[PDB]
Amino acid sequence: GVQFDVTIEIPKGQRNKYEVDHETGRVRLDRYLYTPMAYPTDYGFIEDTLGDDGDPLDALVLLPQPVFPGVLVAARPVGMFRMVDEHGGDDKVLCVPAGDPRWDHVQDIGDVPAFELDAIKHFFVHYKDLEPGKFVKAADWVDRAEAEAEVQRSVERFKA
């Protein structure tokens, strides 16, 4: 069913934390990570969504080769990382590239190897460890179904 555009803010392997300014469209170097970690996958947000906090819904995209910040990728959801940090709840849709048969075998979170999900989860739990006031409290994984529903709501919030 569902598919959308993700705007990659941060390439796999990067320790610079880029972000897109959501009115001006410009890309911004928010900060350099305080921990010796790097983004586990290409990271961004779903174009035309609105989360709880006036921010578009976050997205992880699985790619063979990282992209550049600002790049659009047409993607589809396979699961969702649920996380509660110091600004409270925050979710990240796990995605593969849409209409690329090389990802056809990846249909739900069951299809992504554990060592990969754990590596991703390990990054978000620890990446802000050396940043005062900043912490993480929940962190877990849910299936394409819950991913799809959270997307749907954020699309509807974006239209209101």
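In this text, residue numbers run from 1 along the sequence as written. Here, rigid core means the biggest group of C-alpha atoms that superpose within 1.5 Å across both forms.
> After superposing on the rigid core, which of 47-55 and 33-41 has its C-alpha atoms sitting farther from this form in 7 other deposited structures of this protein?
Farther from the shown form on average in 7 other deposited structures of this protein: 47-55.
> Please pick 98-106 or 130-138, whichever has its Cα atoms farther from the shown form in 7 other deposited structures of this protein after a rigid core fit.
Stretch with the higher C-alpha RMS distance in 7 other deposited structures of this protein: 130-138.
> Can you let me know which of the two, 134-142 or 8-16, has the higher average C-alpha B-factor in the entry?
Here the higher of the two C-alpha B-factor means belongs to 134-142.
> Given the B-factors recorded for C-alpha atoms, which segment has the greater mean, 47-55 or 23-31?
Between 23-31 and 47-55, it is 47-55.
> Taking the values exactly as deposited, rank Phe115 by C-alpha B-factor within its chain and report the matching third: lowest, middle or highest.
Within its chain, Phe115 is a highest-third residue by C-alpha B-factor, going by the deposited values.
> Sorting the chain's modelled residues by C-alpha B-factor, tell me whether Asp100 ends up in the lowest, middle or highest third.
Ranked within chain, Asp100 CA B lands in the lowest tercile.
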